[PDB]
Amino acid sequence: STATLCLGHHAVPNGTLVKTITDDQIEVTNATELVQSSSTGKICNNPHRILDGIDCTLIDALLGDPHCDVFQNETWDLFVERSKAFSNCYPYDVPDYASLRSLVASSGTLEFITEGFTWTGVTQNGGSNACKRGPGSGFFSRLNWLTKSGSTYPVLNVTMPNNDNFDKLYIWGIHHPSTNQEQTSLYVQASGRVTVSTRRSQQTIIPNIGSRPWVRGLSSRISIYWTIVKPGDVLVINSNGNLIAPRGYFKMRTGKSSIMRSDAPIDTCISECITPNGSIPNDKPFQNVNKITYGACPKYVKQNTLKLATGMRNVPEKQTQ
């Protein structure tokens, strides 16, 4: 009398295909997905402080476009810019707009400190019907439109020392009138100039006269510039016309703040990773949702699926007829 002892392994009726160095297609017993390919379509407001810009770009919030007044002294981990955003103040452009947007977004804050600037010989608080705040004409909340007083516009020459321990960000502008008549009615001189300087940097802009396309009533433009002042250093503003003056500085920070263009709705939920598509889970090493991410996110990858085998090769059972 004898006995038969067989050794064998399990197999399933529902196998799944994976890749190896050798095969494009091996059936194994079990597998797990490594590519996150789905999003709810919503951005979770936990744990990152999400700031919905609504109808305002970060730049328009920075300057003080009236319908963006709600964003004064605001902070964020991630600023969200909507496609529905619109400017509704003075027609403006920003040379190297992208850099200004970037540095402010990274700073993560619109904390503004008003400074006691003194503008002798000139009229202050200029307004326009292109930039209404309330019933009447107005202007960027953070900017001061300076014009002639009487029949004179003197050479402005002012100082603001930084005796703090942080960097000051100064936002200022230059007015480009559309006519020589406009150029002499506001600032008297035939051609103005704006010089803003620290001890190691200077920017002089000469305003340009010319008709630009009609925008909110106007063919004139304002060009926006910025200046960072380090501790110990000092700001000097010199101009004989066309100065769009700062009212103080923005406090600069370093940290984890950024900005994202997305139309995804903000939702009360929890997620570390944010894409413009919406929040995605971070349990998988890879994701195919968006190359644009913020936070603890899986690495973006071109594959929509990568299957990691979690079981042995699936081998069918033999039966002789």
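Note that residue numbering follows the sequence shown and begins at 1.
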{"property": "Residue stretch of maximal mean CA temperature factor, 232 to 240 vs 218 to 226", "result": "232 to 240"}
{"property": "Per the entry, higher mean C-alpha B factor between 279 to 287 and 51 to 59", "result": "279 to 287"}
{"property": "From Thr179, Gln72, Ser106, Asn88, residue of greatest CA B-factor", "result": "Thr179"}
{"property": "Among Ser149, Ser99, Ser141, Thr114 - the residue whose C-alpha B-factor is largest in the record", "result": "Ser149"}
{"property": "Ranked against its chain, the third holding the CA B-factor of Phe79", "result": "lowest"}
{"property": "Position of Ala309 among the chain's modelled residues by C-alpha B-factor, lowest, middle or highest third", "result": "middle"}
{"property": "CA B-factor placement of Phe166, once the chain's modelled residues are sorted into thirds", "result": "highest"}
{"property": "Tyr187 CA temperature factor, ranked by third within the chain", "result": "highest"}
{"property": "CA B-factor placement of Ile205, once the chain's modelled residues are sorted into thirds", "result": "middle"}
